[PDB]
Amino acid sequence: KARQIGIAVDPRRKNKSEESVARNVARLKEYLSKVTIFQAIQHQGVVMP
Amino acid sequence: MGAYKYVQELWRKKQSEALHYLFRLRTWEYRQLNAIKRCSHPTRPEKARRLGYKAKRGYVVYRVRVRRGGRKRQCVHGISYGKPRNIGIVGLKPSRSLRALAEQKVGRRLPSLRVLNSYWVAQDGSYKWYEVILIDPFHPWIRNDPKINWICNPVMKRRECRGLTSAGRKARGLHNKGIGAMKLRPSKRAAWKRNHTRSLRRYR
Amino acid sequence: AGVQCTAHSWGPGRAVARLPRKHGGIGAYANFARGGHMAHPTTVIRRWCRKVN
Amino acid sequence: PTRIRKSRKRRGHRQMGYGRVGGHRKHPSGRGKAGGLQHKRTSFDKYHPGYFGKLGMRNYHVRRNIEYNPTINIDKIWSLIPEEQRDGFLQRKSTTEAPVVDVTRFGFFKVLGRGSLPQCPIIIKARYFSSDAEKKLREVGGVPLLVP
Amino acid sequence: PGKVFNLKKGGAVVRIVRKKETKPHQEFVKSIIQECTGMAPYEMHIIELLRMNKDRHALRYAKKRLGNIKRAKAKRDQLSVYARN
RNA sequence: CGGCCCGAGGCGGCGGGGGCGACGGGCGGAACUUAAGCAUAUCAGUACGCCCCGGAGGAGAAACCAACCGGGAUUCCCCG
RNA sequence: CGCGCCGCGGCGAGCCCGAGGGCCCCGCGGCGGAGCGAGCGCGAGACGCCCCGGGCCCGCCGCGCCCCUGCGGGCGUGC
RNA sequence: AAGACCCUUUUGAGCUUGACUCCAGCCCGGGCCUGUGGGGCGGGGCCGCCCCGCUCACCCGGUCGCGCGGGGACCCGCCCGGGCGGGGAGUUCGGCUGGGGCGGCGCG
Ligand SMILES: [K+]
Ligand SMILES: [K+]
Ligand SMILES: [K+]
Ligand SMILES: [K+]
Ligand SMILES: [K+]
Ligand SMILES: [K+]
Ligand SMILES: [K+]
Ligand SMILES: [K+]
Ligand SMILES: [K+]
Ligand SMILES: [K+]
Ligand SMILES: [K+]
Ligand SMILES: [K+]
Ligand SMILES: [K+]
Ligand SMILES: [K+]
Ligand SMILES: [K+]
Ligand SMILES: [K+]
Ligand SMILES: [K+]
Ligand SMILES: [K+]
Ligand SMILES: [K+]
Ligand SMILES: [K+]
Ligand SMILES: [K+]
Ligand SMILES: [K+]
Ligand SMILES: [K+]
Ligand SMILES: [K+]
Ligand SMILES: [K+]
Ligand SMILES: [K+]
Ligand SMILES: [K+]
Ligand SMILES: [K+]
Ligand SMILES: [K+]
Ligand SMILES: [K+]
Ligand SMILES: [K+]
Ligand SMILES: [K+]
Ligand SMILES: [K+]
Ligand SMILES: [K+]
Ligand SMILES: [K+]
Ligand SMILES: [K+]
Ligand SMILES: [Mg+2]
Ligand SMILES: [Mg+2]
Ligand SMILES: [Mg+2]
Ligand SMILES: [Mg+2]
Ligand SMILES: [Mg+2]
Ligand SMILES: [Mg+2]
Ligand SMILES: [Mg+2]
Ligand SMILES: [Mg+2]
Ligand SMILES: [Mg+2]
Ligand SMILES: [Mg+2]
Ligand SMILES: [Mg+2]
Ligand SMILES: [Mg+2]
Ligand SMILES: [Mg+2]
Ligand SMILES: [Mg+2]
Ligand SMILES: [Mg+2]
Ligand SMILES: [Mg+2]
Ligand SMILES: [Mg+2]
Ligand SMILES: [Mg+2]
Ligand SMILES: [Mg+2]
Ligand SMILES: [Mg+2]
Ligand SMILES: [Mg+2]
């Protein structure tokens, strides 16, 4: 489901701590806000540097 | 469960009375035949499926006999000239294993087929016998089948001549990764050429 | 350029200078011979650009 | 530029500074570094002591980022505080609002003791201290601290 | 040294401790196969030595055949059960 | 007398073989040269010989690296 | 192409057209900033237009003395 | 005709051998190839050797397979080990010096 809307998924990686999860969940939560699904704007460069 | 779990367990007892008798009858027979011979069906059906065989039109099996022991150089009168580090004649070892040499011999005999894989069947003091799987790539059952028709594309011609089979991969060192393997991954020649290149940039 | 032909010295004892010669005796392979290579041929690895802060 | 070189001033001189008696030949000493213990021994002992031999333990693979260890002296500590704030901190030598400086954020591990500090309490957090860095810091009213 | 020295190491974050990670069917297949094969000739030699209480000889012989001390100890333990009588 | 097994001769449709001064893959493999001599070493896992593809090829989704408040298939570039 | 020294330009406890991305714009290492010790490791202020010498401080090797958290700390002496 | 005699160069090559370092080849031993039986000697408290039947592996002959043999678990081959080895390979064969060599050693 996440691959479909532009998120890269790496099942080989494992988290090493609890902070690693909170920092990236907040990153996932934010991106889902600024995404629209169908005069539209194409985003340049790396997304959320 | 199924039957092939028992057959695999059995083949891990090659020293037993039963398999010692059956291994004896096979080497006597293979000693009475030619070096390269077509087989009706695989001698080991369970190992054949482990390596990719399928009982369909377009898969074939041949038995190949190769000779045991080391390597002797082709030098007239047994004379190497040159430096003394390069003088040896007998007692050398081939770079490829005997399994890889079996596949290359049968690829040369049958150049209109595609070599897939191979496995061991017998040995004695003078010979080892391997069986080689080959696919005919212009048969319609082969071409229209998504499981195998990767081999119908032309970058798959004479694979064993280019070191791309499993036994050919081992001699190039490619069953390893990590420390001890950093100078071989594209090719031994490719890593040497990359590591010895003079790159003269414009704004040097 | 200058090194596609076959030429070797005749040596002393034949009353001629010691440069390499083509079969027949024609001078070759020296910067002072007609048709020979340059003494130090030009190469594209010359540093063409320069740096400025 | 070829037109300002010393070698073009020798056109017409038969031998381009290499002499008549000696001359310019191919390799009159050998190639490279050869001869260092025999016929260049007078050169190698005058300028290169300790070129020959062995010395010390060997490690078959060094970990470059384990052995890495940056350091900072105490005389450089107050320059990590931005200039807009230093005056005020000196103004009020507070024990109850002293400045905290965490030097790992700036990329240092150990604190050494060359120099001196201003008369002002300050807190320094690091991974290791030298003995006189601690001594000069406690002389000022400061405290050392260890951080993760 | 293979670690970087610092007290309070690991003091900022909370680690994740992953779970560390039989099959009676396989034990059942071996029991049928064992019945119609027996043991290998080197395994029978070990059993005879173990019956005579030459334990160190049995370990030496298994290291020579197997080439790895942990497997040679695992095999001699495996064979004692059939070597007790 | 039929079946299965292991072989033989013929007939039909389809496929293979040879070619290239580069790049690419797999094998066999020097000596000149340097060491101010010369055997180990170096030149060079190069010249050259044999085989095999393609428009690229090879490699590739960890029996990996690490020792961190850790990364995460392959290839290529910068850096030591 | 690599090494040494000299001269000139820009900036200076800093410096820098990597590769790359948008003769212009943005752009990591790196080198310098601390040394010494085979290594465990420990770690520099006291003077001086400049130069030369003296004195003292840091490390490596040795050794009085006192002590707390102890084959660990402090204070000294010597090539 | 850039002395062919003579000398020097850390330039060669042909030949020789009691130079230095080695290689083919050959001889010798154990192992795997490799069956199925019968016996003797010795040791240590099961181990080492050796000997001799059979035929089925493996090997050789006769024959137009026209009415037949001989050997045999030994030989060959392969792996590792030891010996012989100018038949062959590569390389070396100091310096000073009233020219070099013989001799001598102001070569430490
Ligand atoms: K054969
Ligand atoms: K030669
Ligand atoms: K030669
Ligand atoms: K050599
Ligand atoms: K391999
Ligand atoms: K490696
Ligand atoms: K030529
Ligand atoms: K001449
Ligand atoms: K001349
Ligand atoms: K530059
Ligand atoms: K000069
Ligand atoms: K001179
Ligand atoms: K020379
Ligand atoms: K030279
Ligand atoms: K030297
Ligand atoms: K040593
Ligand atoms: K070679
Ligand atoms: K050479
Ligand atoms: K060579
Ligand atoms: K030589
Ligand atoms: K040489
Ligand atoms: K060497
Ligand atoms: K060599
Ligand atoms: K070499
Ligand atoms: K020391
Ligand atoms: K002459
Ligand atoms: K002469
Ligand atoms: K003379
Ligand atoms: K002469
Ligand atoms: K010469
Ligand atoms: K010579
Ligand atoms: K000659
Ligand atoms: K000759
Ligand atoms: K000779
Ligand atoms: K000889
Ligand atoms: K000679
Ligand atoms: Mg001439
Ligand atoms: Mg020309
Ligand atoms: Mg003059
Ligand atoms: Mg003139
Ligand atoms: Mg000179
Ligand atoms: Mg002179
Ligand atoms: Mg001259
Ligand atoms: Mg046909
Ligand atoms: Mg050359
Ligand atoms: Mg030389
Ligand atoms: Mg020379
Ligand atoms: Mg020479
Ligand atoms: Mg090399
Ligand atoms: Mg491909
Ligand atoms: Mg002359
Ligand atoms: Mg002459
Ligand atoms: Mg000389
Ligand atoms: Mg010679
Ligand atoms: Mg000669
Ligand atoms: Mg000779
Ligand atoms: Mg002389």
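Residues numbered from 1 in each chain as written, not as in the entry; some residues may be left out. Chains lettered and ligands numbered in written order. Part of a larger assembly, values for the part shown. Heavy atoms only, no water. Residues with missing side-chain atoms left out of burial classes, pairs and counts.

Regarding how it was determined, this PDB entry cites cryo-EM in its header, along with a resolution of 2.75 Å.

Colleague: Quick question: what am I supposed to make of the packing of helix α2 (residues 41-51) of chain E against helix α4 (residues 69-80) of chain E here?
Modeller: Any two packed helices are characterised by the angle at which their axes cross and by the distance between the axes. Residue and element names in this part refer to chain E. Where α2 meets α4, the axes come as close as 10 Å, and the angle between the chain directions of the two elements is 70°. Considered as vectors, α2 and α4 are oriented roughly perpendicular to each other. Here α2 runs over α4; the crossing is right-handed. Taking contact as the criterion, the partners of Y42, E43, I46, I47 and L50 in α2 are, on α4, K75, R76, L79 and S80. For the contact of α2 with α4, a count of residues per class yields five nonpolar, one polar and three charged. (Axes fitted to C-alpha atoms, helices over the stretch in contact; angles between N-to-C directions. Helix = DSSP H or I, 4+ residues; strand = E, 2+ residues; numbered from the N terminus. Parallel < 35°, antiparallel > 145°, perpendicular 65-115°, else oblique. Left-handed = near helix turned anticlockwise from the far one by under 90°. Contact = heavy atoms within 4.5 Å. Nonpolar A, V, L, I, M, F, W, Y, C, P; charged D, E, K, R; others polar.)

Colleague: I would appreciate a short explanation of the interface of chain A and chain E in the present structure.
Modeller: Size of an interface, as often reported, equals the accessible area lost when the parts are brought together. With six residues of chain A at the interface, the matching set in chain E holds six residues. Counting the surface lost from both chain A and chain E, the interface buries some 450 Å², and carbon and sulfur atoms represent 58% of this. For chain A, the biggest contributors to the area lost against chain E are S17, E18 and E19 of chain A; these three give 59% of the whole. Applying the counting rule to chain A against chain E returns zero salt bridges. (Buried area = accessible area lost by both parts, 1.4 Å probe. Salt bridge = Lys/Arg side-chain N within 4 Å of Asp/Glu carboxyl O.)

Colleague: Got a minute to help me understand the protein's contact with RNA strand G in this structure?
Modeller: As a structural note, the neighbourhood of RNA strand G is formed by 22 residues, with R50 of chain C together with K110, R114, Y128 and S131 of chain D the closest of them. Of what RNA strand G places within 4 Å of the protein, 55% of the atoms are sugar or phosphate. Contact between RNA strand G and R204 of chain B: a phosphate oxygen at 3.2 Å from a side-chain N or O atom of the residue. Take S130 of chain D: an N or O atom from its side chain is 3.4 Å from a phosphate oxygen of RNA strand G. The set of elements that each furnish at least two residues to the surface near RNA strand G consists of β3 (110-112) and α3 (131-138) of chain D. A per-element tally of the surface near RNA strand G places α3 of chain D first, with four residues. When grouped by side-chain class, the residues that make up the surface near RNA strand G number six nonpolar, seven polar and nine charged. (Near = heavy atom within 4 Å. Polar contact = N/O pair within 3.5 Å; in protein donor to acceptor, adjacent residues only side chain to side chain.)

Colleague: Sorry if this is basic, but what is going on with the sheet that holds strand β2 (residues 59-67) of chain B here?
Modeller: Consider a sheet: its strands pair through backbone hydrogen bonds, and that pairing is either parallel or antiparallel. Residue and element names in this part refer to chain B. Pairing is antiparallel in the open sheet, where four strands are placed in the order β1-β2-β4-β3. Each having just a single partner strand, β1 (36-39) and β3 (114-123) make up the two edges of the open sheet. Direction aside, neighbouring strands of the sheet carry axes that sit 25° apart on average. Pairing analysis gives eight bridges linking β3 to strand β4 (residues 127-135), with the strands arranged antiparallel. Residue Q123 lies in a different strand from β4, and its bridge partner there is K128. (Pairing = 2+ DSSP bridges.)

Colleague: How should I be thinking about the nonpolar core in this particular structure?
Modeller: For soluble globular proteins, nonpolar side chains are generally found buried alongside one another. Core analysis: the largest hydrophobic core is formed by 20 residues, its most contacted members being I77, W78, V103, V111, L117 and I122 of chain D. Elements represented by at least two residues in this core include exactly β4 (123-126) and α3 of chain D. Setting aside residues no more than four positions away along its own chain, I77 of chain D makes contact with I72, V103, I122 and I124 of chain D. Formed by 17 residues, the second largest nonpolar core is a distinct cluster that contains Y59, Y119, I148 and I151 of chain B. (Core = buried A, V, L, I, M, F, W, Y, C linked by side-chain atoms within 4.5 Å. Buried < 20%, exposed > 50% of the residue type's maximum accessible area, 1.4 Å probe, protein only.)

Colleague: Looking at this model, I keep getting lost on the pairing of β4 of chain B. Mind explaining?
Modeller: All names here are of chain B. Burial within β4 is extensive, with eight of its nine residues counted as buried. With nine bridges joining them, β2 and β4 adopt antiparallel strand pairing. Each bridged residue has a counterpart across the sheet, and for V64 the counterpart in β4 is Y130.

Colleague: I'm lost on the UniProt feature "binding site: Mg(2+)" (unreviewed entry) in chain C in this one. Help?
Modeller: Residue and element names in this part refer to chain C. When the UniProt feature table is mapped to this numbering, "binding site: Mg(2+)" (unreviewed entry) covers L19. As for its placement among the helices and strands, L19 is situated in the loop between β1 (8-9) and β2 (20-21). Once you skip the residues sitting within four places of it in the chain, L19 turns out to touch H8, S9, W10, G27, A28, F32 and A33. (UniProt positions renumbered as here; feature names shortened; annotations may be inferred.)

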